[PDB]
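Engineer: Handing you this structure, nothing more for now.
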Amino acid sequence: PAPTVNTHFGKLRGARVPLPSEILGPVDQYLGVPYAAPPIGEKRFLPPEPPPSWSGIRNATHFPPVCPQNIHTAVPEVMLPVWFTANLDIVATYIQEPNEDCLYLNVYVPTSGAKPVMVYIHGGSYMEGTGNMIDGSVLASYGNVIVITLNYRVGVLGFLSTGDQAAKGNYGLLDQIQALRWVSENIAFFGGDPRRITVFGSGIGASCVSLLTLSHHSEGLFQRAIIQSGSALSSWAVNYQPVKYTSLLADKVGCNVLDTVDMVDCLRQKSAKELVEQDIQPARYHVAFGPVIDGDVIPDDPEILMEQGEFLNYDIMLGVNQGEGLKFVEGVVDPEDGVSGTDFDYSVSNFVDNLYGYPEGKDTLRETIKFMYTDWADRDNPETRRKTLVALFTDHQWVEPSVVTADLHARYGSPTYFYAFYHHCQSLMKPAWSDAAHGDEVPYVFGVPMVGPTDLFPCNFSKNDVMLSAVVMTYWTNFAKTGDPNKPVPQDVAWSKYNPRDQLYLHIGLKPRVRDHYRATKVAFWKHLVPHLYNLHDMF
Amino acid sequence: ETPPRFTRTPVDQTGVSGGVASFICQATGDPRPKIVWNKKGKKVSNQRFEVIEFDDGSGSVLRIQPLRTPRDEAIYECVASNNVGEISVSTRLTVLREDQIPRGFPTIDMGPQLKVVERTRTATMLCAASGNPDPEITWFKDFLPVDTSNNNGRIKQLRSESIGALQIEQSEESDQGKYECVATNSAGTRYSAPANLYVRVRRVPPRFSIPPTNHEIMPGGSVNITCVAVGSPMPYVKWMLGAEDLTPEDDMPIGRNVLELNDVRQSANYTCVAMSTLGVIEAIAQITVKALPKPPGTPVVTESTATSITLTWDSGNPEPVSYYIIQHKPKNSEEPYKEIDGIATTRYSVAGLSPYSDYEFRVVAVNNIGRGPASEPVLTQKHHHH
Ligand SMILES: *[C@@H]1O[C@H](CO)[C@@H](O)[C@H](O)[C@H]1NC(C)=O
Ligand SMILES: *[C@@H]1O[C@H](CO)[C@@H](O)[C@H](O)[C@H]1NC(C)=O
Ligand SMILES: *[C@@H]1O[C@H](CO)[C@@H](O)[C@H](O)[C@H]1NC(C)=O
Ligand SMILES: *[C@@H]1O[C@H](CO)[C@@H](O)[C@H](O)[C@H]1NC(C)=O
């Protein structure tokens, strides 16, 4: 009894699979659904087009090819989640055999009325990662909603930009725009509601979700969004030197000429795997291939667009984890789990070198930072010194851009909800002294403890993890269903609405509570005090 | 006609392998002297060789990218000619490897940055470089040198003791393009990769972001409806009935103003008004309460039996009707009509009637909205004699 679903491009045969938990019902899934034309040959480096139609019943039983990527090549480890980097061998099972024809998605249907739709966009880095590694079957059956995991052009193929008509760039985000267009017109057959679509991403993917809300094209596609440990305001969110790294790649493949047109046509002649095998190391804590400002998809600065009110239409839920910048200090930590004073001052000096690029009066900010993140209640503590040093990278890269995004959205009474994750699972993937790192909220959103330890998450969960994950899944589905995390299914705790004056957030953890002004002492430091010491523009 | 005269002869440059080299050659005369670049090199290319003609027809800028030793290193001449004369000037290029670069050579400290600026506000492109001797700062806009010799124009050359940059006072669409800076002294010339500049900014009249959508519910059923308006600067959002403002105006919100409909009774056209210093917009909402059906058409007696009567009637309503209620009773009796319920067709035969008795039949249209007015009645004539 295979399930049959009609679409605007042909019929698809899926499979009814029951979940291992007796409490959760069976779900219908349809894998490898083409939502756009193959971006090969001439379609390469071009906006996505609608997919070709098929006459018969197309098999949606096997996995589709992933986009060209390579994890063994040197990529910035700090951007990737730790569960990705701790198990590189397990991840390699999903990345094997990549093909340029990779524009396919996956849908999950739980089996009254139209069912809400949730669209996921995973982002390890802007070069790797895929939605196939995440199984949203638990979130589908638990919340009676539709979970969608997709793939999109990544790396050079999805973000090559020459800043002119030869290669506008932002091809990866356009694939996510095309997917949501196809989902909006074809999910009604799956029993889904196109008006209750909630796109949600994590990590770099959450940075992608933030960009889509600012796009002019996403107007009538979705209505809600959930951003998890990502932002369009980080240093790696937008590439502000794309022509430089693009021309460096063209010299590596030999296609570097003077006309940007002659070299783009030259690149399409090259194979898609020769471009990925090439390694390009950008400026540290910056991205070499990513989204650009093209004057169309991203017309202006992201923060500039937020003041315009572009994304006030959609209901927004966002938040960050406790210790996101684990890999920053992990190399400096001694075998005694401590950071020395010389190592602390050294790591702080490295921070000012990379992000701010040697301004005049730079020595003023090194000692200002060292004063801010030093617990004067315990000056000589090496472990506390490690604790505040992780909070340094965590505040500036994730916490600062997230609060600025939440204030610019809740500025005019638009529905906004903010959370803070303070719980992580226990395994050998990450050291025990470390807290919730990048991508640690992913399992609790999809209900991984409901199934147990997996090949990708060898964590040893407890009964408190299943209770917490069911709470998290209920908040997510409730928000995707009604725009309110508390309606219609209550918790068996009330999540208050966020506004820039009260700044009410939800402390997510084994002791769920509601506090105010999350880390607000450090937030105003980076937003108000830091730029004024960077505004040495008095010479002009 | 005037023979061509050189106005800006090319100077010999010295570029880096993998970089750029730009020569400048301009002339004047009558007619316009066309320029032909004739490289006298043993190895010639075409993909790197691109000539960029000036937008005003003065001269052309030869560009070679990327520089590769020793093929690009040759002698280049600028032949400006017309149908009156012919002149030529040669310049030399010097391309060296990555290691031949000595101490104090022009090194780009900070390259040009991506930036977006306002139409009338000041645009500033920054570029830092250091060398021994101190190199000279020159900018290139779309493979063309940036002319900043005139101080009266909007474009100005910022030159501080530390570093100099480029400043634009009032921006136009012309400024939108690729900008690249490069340092040059007696040692050589080393470029930095370009940085695109965009000039489009925030001062747009308000637009309806979430327009009010019309609805229909049974009267009484309260509902919270949303109207959102965006733009820079953010406009005041006001709900208006068309005569009086529903909002207190004193503390009217900005950006979003959801309207609460209490004690829904009659339909009405609501108007969400969003006004700003730039413009004012209006949006209408067709709030329509579900109305009752009009009385059906007059029925007609089709079949006249002694104990039964068949009737056919018109719906009388442009909207569909759920069912029809037949109301039968004696002619002049003041008794409440005995009603037949559940009739799903426009024709029904009433059974059980006592013979030779004049009856009165009424058809009732009822939908999900409620029971509409009764149709017009009729009478038939059956008579028996004893
Ligand atoms: C789909 O797969 C089944 C077996 O899994 C096979 O019998 C059938 O022919 C396939 N159909 C198509 C259109 O490939
Ligand atoms: C694995 O689970 C056991 C519970 O039986 C726990 O004691 C142990 O700490 C877990 N492993 C790690 C690495 O935490
Ligand atoms: C008014 O809008 C709020 C939005 O949170 C909603 O909770 C409430 O139910 C609405 N009231 C009515 C009467 O619909
Ligand atoms: C709304 O306006 C239209 C045309 O302006 C008019 O025909 C209609 O009757 C109005 N509706 C109400 C409820 O006044």
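Going through the structure tokens in order, the chains are called A, B, and so on, while each chain numbers its residues from 1 and the ligands are numbered from 1 in the order shown.
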Write down as a PyMOL selection string the residues belonging to region 177-372 of chain B that are assigned strand (DSSP E) by DSSP computed on the backbone.
Structural biologist: chain B and resi 177-184+189-191+195-198+204-210+223-225+228-232+236-240+259-261+268-275+280-287+300-304+308-312+323-330+338-343+347-351+359-366+371-372
Engineer: Please dump the current selection as a PDB file, in the first residue's frame; keep C-alpha atoms.
Structural biologist:
ATOM      1  CA  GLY B 177      30.336  50.547 -10.266  1.00  0.00           C
ATOM      2  CA  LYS B 178      33.527  48.665  -9.518  1.00  0.00           C
ATOM      3  CA  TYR B 179      36.273  50.546  -7.671  1.00  0.00           C
ATOM      4  CA  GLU B 180      39.878  49.399  -7.245  1.00  0.00           C
ATOM      5  CA  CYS B 181      42.830  51.294  -5.787  1.00  0.00           C
ATOM      6  CA  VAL B 182      46.521  50.793  -6.489  1.00  0.00           C
ATOM      7  CA  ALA B 183      49.772  52.266  -5.180  1.00  0.00           C
ATOM      8  CA  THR B 184      52.581  53.329  -7.513  1.00  0.00           C
ATOM      9  CA  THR B 189      52.829  48.993  -9.230  1.00  0.00           C
ATOM     10  CA  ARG B 190      50.675  46.535  -7.267  1.00  0.00           C
ATOM     11  CA  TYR B 191      46.879  46.518  -7.512  1.00  0.00           C
ATOM     12  CA  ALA B 195      35.180  46.433  -4.661  1.00  0.00           C
ATOM     13  CA  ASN B 196      31.735  47.057  -6.125  1.00  0.00           C
ATOM     14  CA  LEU B 197      29.857  50.173  -4.992  1.00  0.00           C
ATOM     15  CA  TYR B 198      26.048  50.396  -4.934  1.00  0.00           C
ATOM     16  CA  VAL B 204      10.648  55.391  -0.152  1.00  0.00           C
ATOM     17  CA  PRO B 205       6.964  56.337   0.343  1.00  0.00           C
ATOM     18  CA  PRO B 206       5.000  53.861   2.478  1.00  0.00           C
ATOM     19  CA  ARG B 207       3.671  50.674   0.912  1.00  0.00           C
ATOM     20  CA  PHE B 208       1.128  48.222   2.279  1.00  0.00           C
ATOM     21  CA  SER B 209       3.117  45.188   3.419  1.00  0.00           C
ATOM     22  CA  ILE B 210       0.179  43.182   4.801  1.00  0.00           C
ATOM     23  CA  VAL B 223     -12.332  38.805  15.042  1.00  0.00           C
ATOM     24  CA  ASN B 224      -8.923  40.477  15.298  1.00  0.00           C
ATOM     25  CA  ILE B 225      -7.711  41.640  11.864  1.00  0.00           C
ATOM     26  CA  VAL B 228       0.715  46.401   8.344  1.00  0.00           C
ATOM     27  CA  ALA B 229       2.459  49.244   6.505  1.00  0.00           C
ATOM     28  CA  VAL B 230       6.209  49.652   6.014  1.00  0.00           C
ATOM     29  CA  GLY B 231       8.682  52.127   4.526  1.00  0.00           C
ATOM     30  CA  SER B 232      11.508  54.482   5.513  1.00  0.00           C
ATOM     31  CA  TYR B 236       1.826  56.004  11.057  1.00  0.00           C
ATOM     32  CA  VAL B 237      -0.833  53.317  10.559  1.00  0.00           C
ATOM     33  CA  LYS B 238      -4.420  54.453  11.148  1.00  0.00           C
ATOM     34  CA  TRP B 239      -7.712  52.582  10.851  1.00  0.00           C
ATOM     35  CA  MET B 240     -10.529  54.677   9.413  1.00  0.00           C
ATOM     36  CA  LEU B 259      -8.245  46.331  14.496  1.00  0.00           C
ATOM     37  CA  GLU B 260     -10.693  44.596  16.837  1.00  0.00           C
ATOM     38  CA  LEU B 261     -14.238  44.139  15.518  1.00  0.00           C
ATOM     39  CA  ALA B 268     -19.192  48.028   6.357  1.00  0.00           C
ATOM     40  CA  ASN B 269     -16.273  49.173   4.216  1.00  0.00           C
ATOM     41  CA  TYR B 270     -13.245  49.664   6.472  1.00  0.00           C
ATOM     42  CA  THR B 271     -10.197  51.669   5.388  1.00  0.00           C
ATOM     43  CA  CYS B 272      -6.651  51.208   6.696  1.00  0.00           C
ATOM     44  CA  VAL B 273      -4.801  54.502   6.138  1.00  0.00           C
ATOM     45  CA  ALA B 274      -0.999  54.738   6.288  1.00  0.00           C
ATOM     46  CA  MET B 275       0.470  58.236   6.038  1.00  0.00           C
ATOM     47  CA  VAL B 280      -0.274  58.574   2.015  1.00  0.00           C
ATOM     48  CA  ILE B 281      -1.964  55.317   0.989  1.00  0.00           C
ATOM     49  CA  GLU B 282      -5.404  53.790   1.515  1.00  0.00           C
ATOM     50  CA  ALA B 283      -6.697  50.211   1.547  1.00  0.00           C
ATOM     51  CA  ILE B 284     -10.335  49.102   1.700  1.00  0.00           C
ATOM     52  CA  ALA B 285     -11.681  45.999   3.455  1.00  0.00           C
ATOM     53  CA  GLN B 286     -14.969  44.418   2.343  1.00  0.00           C
ATOM     54  CA  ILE B 287     -16.257  43.379   5.751  1.00  0.00           C
ATOM     55  CA  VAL B 300     -46.982  26.818  -9.100  1.00  0.00           C
ATOM     56  CA  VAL B 301     -49.348  23.855  -8.753  1.00  0.00           C
ATOM     57  CA  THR B 302     -48.255  21.235 -11.293  1.00  0.00           C
ATOM     58  CA  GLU B 303     -50.287  18.125 -10.402  1.00  0.00           C
ATOM     59  CA  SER B 304     -53.716  18.305  -8.752  1.00  0.00           C
ATOM     60  CA  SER B 308     -52.017  15.349  -2.864  1.00  0.00           C
ATOM     61  CA  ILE B 309     -50.617  18.410  -4.633  1.00  0.00           C
ATOM     62  CA  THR B 310     -47.272  18.789  -6.423  1.00  0.00           C
ATOM     63  CA  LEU B 311     -45.462  22.141  -6.395  1.00  0.00           C
ATOM     64  CA  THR B 312     -42.495  23.617  -8.261  1.00  0.00           C
ATOM     65  CA  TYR B 323     -32.852  23.178   1.700  1.00  0.00           C
ATOM     66  CA  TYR B 324     -36.464  24.272   1.266  1.00  0.00           C
ATOM     67  CA  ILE B 325     -39.259  24.217   3.841  1.00  0.00           C
ATOM     68  CA  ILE B 326     -42.809  23.655   2.583  1.00  0.00           C
ATOM     69  CA  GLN B 327     -45.534  25.167   4.777  1.00  0.00           C
ATOM     70  CA  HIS B 328     -49.016  23.697   4.241  1.00  0.00           C
ATOM     71  CA  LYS B 329     -52.250  24.550   6.072  1.00  0.00           C
ATOM     72  CA  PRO B 330     -55.933  25.255   5.274  1.00  0.00           C
ATOM     73  CA  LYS B 338     -47.535  22.786   9.345  1.00  0.00           C
ATOM     74  CA  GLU B 339     -43.999  22.607   7.959  1.00  0.00           C
ATOM     75  CA  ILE B 340     -42.372  19.898   5.845  1.00  0.00           C
ATOM     76  CA  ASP B 341     -38.621  19.893   6.463  1.00  0.00           C
ATOM     77  CA  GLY B 342     -35.725  18.353   4.576  1.00  0.00           C
ATOM     78  CA  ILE B 343     -36.783  19.063   0.982  1.00  0.00           C
ATOM     79  CA  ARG B 347     -40.239  20.217  -6.526  1.00  0.00           C
ATOM     80  CA  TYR B 348     -42.159  18.319  -3.860  1.00  0.00           C
ATOM     81  CA  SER B 349     -45.546  16.596  -3.671  1.00  0.00           C
ATOM     82  CA  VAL B 350     -47.478  17.276  -0.464  1.00  0.00           C
ATOM     83  CA  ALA B 351     -49.256  14.103   0.662  1.00  0.00           C
ATOM     84  CA  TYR B 359     -55.022  25.060   0.666  1.00  0.00           C
ATOM     85  CA  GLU B 360     -52.277  27.673   0.876  1.00  0.00           C
ATOM     86  CA  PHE B 361     -48.648  26.704   0.235  1.00  0.00           C
ATOM     87  CA  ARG B 362     -45.525  28.733   1.054  1.00  0.00           C
ATOM     88  CA  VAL B 363     -41.896  27.919   0.227  1.00  0.00           C
ATOM     89  CA  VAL B 364     -39.123  28.956   2.622  1.00  0.00           C
ATOM     90  CA  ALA B 365     -35.476  29.389   1.632  1.00  0.00           C
ATOM     91  CA  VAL B 366     -33.059  28.526   4.450  1.00  0.00           C
ATOM     92  CA  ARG B 371     -34.247  31.105   7.629  1.00  0.00           C
ATOM     93  CA  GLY B 372     -35.009  33.648   4.914  1.00  0.00           C
TER      94      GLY B 372
END
Engineer: Write out as JSON, numbers by chain which residues come within 6 Å of region 48-52 of chain B when counting only C-alpha atoms, dropping same-chain ones fewer than 3 positions away.
Structural biologist: {"A": [257, 258], "B": [60, 61, 62, 63, 64, 65]}
Engineer: Hey, can you spit out that residue selection with N, CA, C and O atoms as a compact mmCIF listing (two decimals), in the first residue's frame?
Structural biologist:
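File produced: out28.txt:
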# COMPACT_ATOMS: atom_id res chain seq x y z
N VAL A 257 40.51 35.63 -16.95
CA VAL A 257 40.68 36.56 -18.06
C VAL A 257 40.18 37.93 -17.61
O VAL A 257 39.79 38.12 -16.46
N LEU A 258 40.19 38.89 -18.53
CA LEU A 258 39.83 40.24 -18.15
C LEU A 258 38.32 40.47 -18.21
O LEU A 258 37.75 41.07 -17.30
N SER B 60 41.92 55.97 -24.75
CA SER B 60 41.64 54.60 -24.35
C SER B 60 42.67 54.15 -23.33
O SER B 60 43.77 54.69 -23.25
N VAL B 61 42.29 53.16 -22.53
CA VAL B 61 43.11 52.65 -21.45
C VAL B 61 43.37 51.17 -21.72
O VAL B 61 42.46 50.34 -21.61
N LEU B 62 44.61 50.84 -22.06
CA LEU B 62 44.99 49.44 -22.21
C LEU B 62 45.12 48.79 -20.84
O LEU B 62 45.66 49.37 -19.91
N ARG B 63 44.61 47.56 -20.73
CA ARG B 63 44.62 46.82 -19.48
C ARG B 63 45.05 45.39 -19.76
O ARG B 63 44.57 44.77 -20.71
N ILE B 64 45.96 44.87 -18.93
CA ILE B 64 46.43 43.49 -19.05
C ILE B 64 46.25 42.82 -17.70
O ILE B 64 46.79 43.29 -16.69
N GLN B 65 45.49 41.72 -17.67
CA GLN B 65 45.19 41.04 -16.43
C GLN B 65 44.86 39.58 -16.73
O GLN B 65 44.01 39.32 -17.59
Engineer: Within 10 Å of chain B, which residues of chain A are there when counting only C-alpha atoms? Please give them as an MDAnalysis selection string.
Structural biologist: chainID A and resid 162:164 219:220 239:248 251 255:259 262:263 292:295 299:301 304:305 307:314 357:358 360 411:414 539:540
Engineer: Hey, which residues sit close to ligand 2? Say within 12 Å, counting only C-alpha atoms and all ligand atoms, and write them as a PDB file with C-alpha atoms, in the first residue's frame.
Structural biologist:
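File written: selection00.pdb
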ATOM      1  CA  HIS A 424      23.270  19.892  25.917  1.00  0.00           C
ATOM      2  CA  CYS A 425      23.651  16.144  25.709  1.00  0.00           C
ATOM      3  CA  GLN A 426      26.533  14.173  27.210  1.00  0.00           C
ATOM      4  CA  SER A 427      29.069  12.319  25.051  1.00  0.00           C
ATOM      5  CA  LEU A 428      32.693  12.288  23.911  1.00  0.00           C
ATOM      6  CA  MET A 429      31.908  14.606  20.982  1.00  0.00           C
ATOM      7  CA  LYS A 430      32.583  17.655  23.166  1.00  0.00           C
ATOM      8  CA  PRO A 431      34.482  18.022  26.448  1.00  0.00           C
ATOM      9  CA  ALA A 432      32.363  17.701  29.571  1.00  0.00           C
ATOM     10  CA  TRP A 433      33.314  21.141  30.916  1.00  0.00           C
ATOM     11  CA  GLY A 452      17.663   7.217  21.051  1.00  0.00           C
ATOM     12  CA  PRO A 453      21.371   7.473  20.264  1.00  0.00           C
ATOM     13  CA  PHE A 457      24.661  11.712  17.798  1.00  0.00           C
ATOM     14  CA  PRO A 458      26.326   9.102  20.040  1.00  0.00           C
ATOM     15  CA  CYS A 459      25.056  10.970  23.094  1.00  0.00           C
ATOM     16  CA  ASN A 460      23.716   9.074  26.116  1.00  0.00           C
ATOM     17  CA  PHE A 461      20.412  10.822  26.798  1.00  0.00           C
ATOM     18  CA  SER A 462      18.352  10.593  29.987  1.00  0.00           C
ATOM     19  CA  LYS A 463      14.630  10.787  30.698  1.00  0.00           C
TER      20      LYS A 463
END
Engineer: Collect all residues with atoms no farther than 8 Å from ligand 1, counting only C-alpha atoms and all ligand atoms, and output them as a compact mmCIF listing (two decimals) with C-alpha atoms, in the first residue's frame.
Structural biologist:
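Okay, this is what ended up in result-v5.txt:
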# COMPACT_ATOMS: atom_id res chain seq x y z
CA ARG A 13 5.13 7.17 -4.92
CA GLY A 56 4.34 8.34 -15.25
CA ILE A 57 4.69 7.67 -11.54
CA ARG A 58 8.11 8.91 -10.44
CA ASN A 59 9.80 6.88 -7.71
CA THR A 61 12.12 5.96 -2.68
Engineer: Taking 5 positions as the minimum chain separation for residues in the same chain, which residues sit within 6 Å of residue 27 (chain B) when counting only C-alpha atoms? Answer as a list in words.
Structural biologist: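 In the requested form, the answer reads residues 5, 6 and 7 of chain B.
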Engineer: Show which residues sit within 9 Å of region 85-99 of chain A, as a ChimeraX atom specification. Count only C-alpha atoms, and ignore same-chain residues fewer than 6 positions away.
Structural biologist: /A:65-72,77,128-130,132-133,272-273,428-430,455-457
Engineer: Need to verify the contact set: region 316-318 of chain A, 6 Å, only C-alpha atoms, exclusion of same-chain residues closer than 3 positions in sequence. Can you return it as a JSON list (two decimals) with C-alpha atoms, in the first residue's frame?
Structural biologist:
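Final output, around23.json:
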[["chain", "number", "residue", "atom", "x", "y", "z"],
["A", 225, "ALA", "CA", 10.32, 31.96, 10.53],
["A", 226, "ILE", "CA", 12.51, 30.42, 13.25],
["A", 227, "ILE", "CA", 16.20, 31.37, 13.49],
["A", 228, "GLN", "CA", 18.50, 29.16, 15.58],
["A", 416, "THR", "CA", 8.54, 38.16, 18.25],
["A", 417, "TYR", "CA", 9.74, 35.40, 20.58],
["A", 418, "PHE", "CA", 13.23, 34.94, 22.02]]
Engineer: Write out as JSON, numbers by chain each polymer residue whose atoms come within 10 Å of residue 82 (chain B), counting only C-alpha atoms; drop sequence neighbours fewer than 6 positions from it.
Structural biologist: {"B": [1, 2, 3, 4, 29, 30, 31, 32, 33, 34, 35]}
Engineer: Pick from B:94, B:222, B:14, B:45: nearest to ligand 3, with only C-alpha atoms and all ligand atoms counted?
Structural biologist: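 Between B:94, B:222, B:14, B:45, the residue approaching ligand 3 most closely is B:222.
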